[PDB]
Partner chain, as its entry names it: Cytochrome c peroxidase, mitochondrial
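We begin with a single chain expressed as structure tokens, specifically the form solved without the partner chain.
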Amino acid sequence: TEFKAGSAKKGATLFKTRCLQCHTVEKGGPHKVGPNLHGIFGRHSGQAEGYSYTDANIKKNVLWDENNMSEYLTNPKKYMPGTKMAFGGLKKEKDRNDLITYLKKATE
């Protein structure tokens, strides 16, 4: 790995202030701007039923792993050009560690 866990309580917060905006995490939460995150990891890109994902996302066939996801939150549009992720990224290794510790806990 190239991912080191961090603060789950730190993640929780980043995510509110940075992605709640368009997404929900709990099982049985709805899609909003972006898709619902429950059971993301180990899950392949663009596969939640009832959501219309860019053709970009869909063909990236990304395999969602803490590792995968970090590169991804860095700058998604570079990662998958054409995605309608309206997110410039988490420039910082730490915030990102924080968040995916979060995301790895809350989406499970």
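Numbering follows the first chain given and starts at 1.
Residue stretch of maximal mean CA temperature factor, 8-16 vs 92-100: Comparing 8-16 with 92-100, the higher mean C-alpha B-factor belongs to 8-16.
Residue range whose averaged C-alpha B-factor is higher in the record, 35-43 or 66-74: The stretch with the larger mean CA B-factor is 66-74.
Lowest, middle or highest third - CA B-factor, residue 28: Tercile = middle for this residue's CA B-factor.
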